[PDB]
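Scroll down for the structure; my scribbles are underneath it.
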Amino acid sequence: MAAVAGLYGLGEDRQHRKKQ
(Lines give C-alpha, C1' and ligand atoms only; values in the text may rest on other atoms or scores of the structure.)
Protein backbone atom coordinates (compact mmCIF):
# COMPACT_ATOMS: atom_id res chain seq x y z
CA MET A 1 0.00 0.00 0.00
CA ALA A 2 1.65 3.18 -1.17
CA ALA A 3 -1.13 5.64 -2.11
CA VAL A 4 1.06 8.65 -1.29
CA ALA A 5 -0.64 11.30 -3.35
CA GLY A 6 -0.08 14.28 -0.82
CA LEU A 7 -3.61 15.22 0.09
CA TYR A 8 -4.26 11.47 0.38
CA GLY A 9 -1.06 10.12 1.99
CA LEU A 10 -1.74 6.45 2.72
CA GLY A 11 1.32 4.20 2.93
CA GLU A 12 1.49 0.78 4.60
CA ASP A 13 3.43 -2.46 4.37
CA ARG A 14 1.17 -5.47 4.54
CA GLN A 15 3.90 -8.26 4.43
CA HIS A 16 2.89 -11.84 5.24
CA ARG A 17 4.32 -11.86 8.74
CA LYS A 18 5.36 -15.34 9.88
CA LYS A 19 3.59 -17.45 7.30
CA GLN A 20 0.23 -15.79 6.49
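Residues are referred to by chain and number: the chain letter is A, B, ... according to the order shown in the C-alpha coordinates, the number counts from 1 in that chain, and ligands are numbered separately from 1 in the order shown.
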
- Leaving out residue 13 in chain A and any residue of its chain fewer than 2 positions from it, which residues lie within 8 Å of it when counting only C-alpha atoms, given as a list in words? residues 1, 11 and 15 of chain A
